[PDB]
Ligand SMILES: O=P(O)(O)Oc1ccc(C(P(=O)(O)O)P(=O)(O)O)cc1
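Given as structure tokens, the chain that follows is alone and in the form solved without this ligand.
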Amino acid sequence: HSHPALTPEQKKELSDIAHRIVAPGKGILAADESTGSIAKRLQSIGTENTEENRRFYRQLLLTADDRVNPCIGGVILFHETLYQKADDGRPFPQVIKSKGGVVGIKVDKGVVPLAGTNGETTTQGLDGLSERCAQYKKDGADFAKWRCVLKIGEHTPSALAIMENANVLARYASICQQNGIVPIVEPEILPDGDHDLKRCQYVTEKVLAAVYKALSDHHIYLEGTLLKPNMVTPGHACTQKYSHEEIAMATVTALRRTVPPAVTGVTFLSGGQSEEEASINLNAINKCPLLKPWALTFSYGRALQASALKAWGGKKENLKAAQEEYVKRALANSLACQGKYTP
């Protein structure tokens, strides 16, 4: 029976947040890497993984020039970053909002193995998620991020993994929407393996169909959600070479066959692509002649900050230089999400 999960005012709030995140020319800066994840990022540049270094790097990303304001519609933060402060004394959420960007929080608690599967996982983090989301909403976080991991193999992704990940994503989205937080569904399919483009497209279509069936079953307000899928690309070990136009065609075709138009926007992850590769693929996707009812933009981590982290080197004097390496990427992707990028 029609028991409304959300009032019209709650739906208005969620839809407004979702449309603000993915406004034309804008994408998402994925800076939500945890302490353990950022450890290798800092060690790659010879930097000790301390609270001060993480805080300074996040400040570098969040205190860039005003040129990134029309490029960044949202910033995903780790829990620690949400309650950290810039040198000027402003909390990071306030800095993000003053730059005209929405604030999001990573709320998943990592992946856990699924027994009886060939190394497949689901993701945890539903316990106490309502109270956590309420606190994040009070603290300025207006959207949330949740990442499910599927992998292509001889017998994977199996039915169990796809079903469980879709169900978990739907539960997460329901809790976030009940707490006034726009959920970003991220059913990432790993590009590991030697699978070709066609297999990736098939797997992505199946996964997205299951995800949106689960979202329908859980009464999810699609207008107040965002999709963060993998780009349809061959496996890293695949021997067949594919053009950017072919990758864009496969990605847009996979989205058009599974993603309802009510979904506000699609924010692609990079999944190991280089910065230029991610920008070119996003630009080709946005130049695809097919009809794309949703916004197609970026939710980029390494692809927005690899050059910034390289130029920083972990030392204070390189800050400005590193910031430039970030800005030039954001602008680039700001063009890529509009189909106007040219290297």
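Residue numbers here begin at 1 and follow the sequence given.
Just so you know, the form solved in complex with this ligand exists too; it's not on screen, but the next bit is about it.
Should the three residues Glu33, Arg41 and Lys106 be counted as contacting this ligand in the deposited complex, with contact defined as a heavy atom within 4.5 Å for each? Checking in the deposited complex: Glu33, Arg41 and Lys106 are all within 4.5 Å of this ligand.
Does this ligand come within 4.5 Å of any heavy atom of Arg55 in the deposited complex? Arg55: no, not in contact with this ligand in the deposited complex.
Taking this ligand as it sits in the deposited complex, is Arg147 near enough to touch it, meaning that at least one heavy atom pair lies within 4.5 angstroms? Taking the distances in the deposited complex, the answer for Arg147 is yes, it comes within 4.5 Å of this ligand.
Counting only non-hydrogen atoms and a 4.5 angstroms cut-off, does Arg302 reach this ligand in the deposited complex? Within the cut-off, so yes.
So in the deposited complex, does any heavy atom of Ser37 sit within 4.5 Å of this ligand? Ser37: contacts this ligand in the deposited complex.
Using a 4.5 Å heavy atom cut-off, which of 25-33, 66-74, 285-293, 311-319 contacts this ligand in the deposited complex? Checking each option against the 4.5 Å cut-off leaves 25-33.
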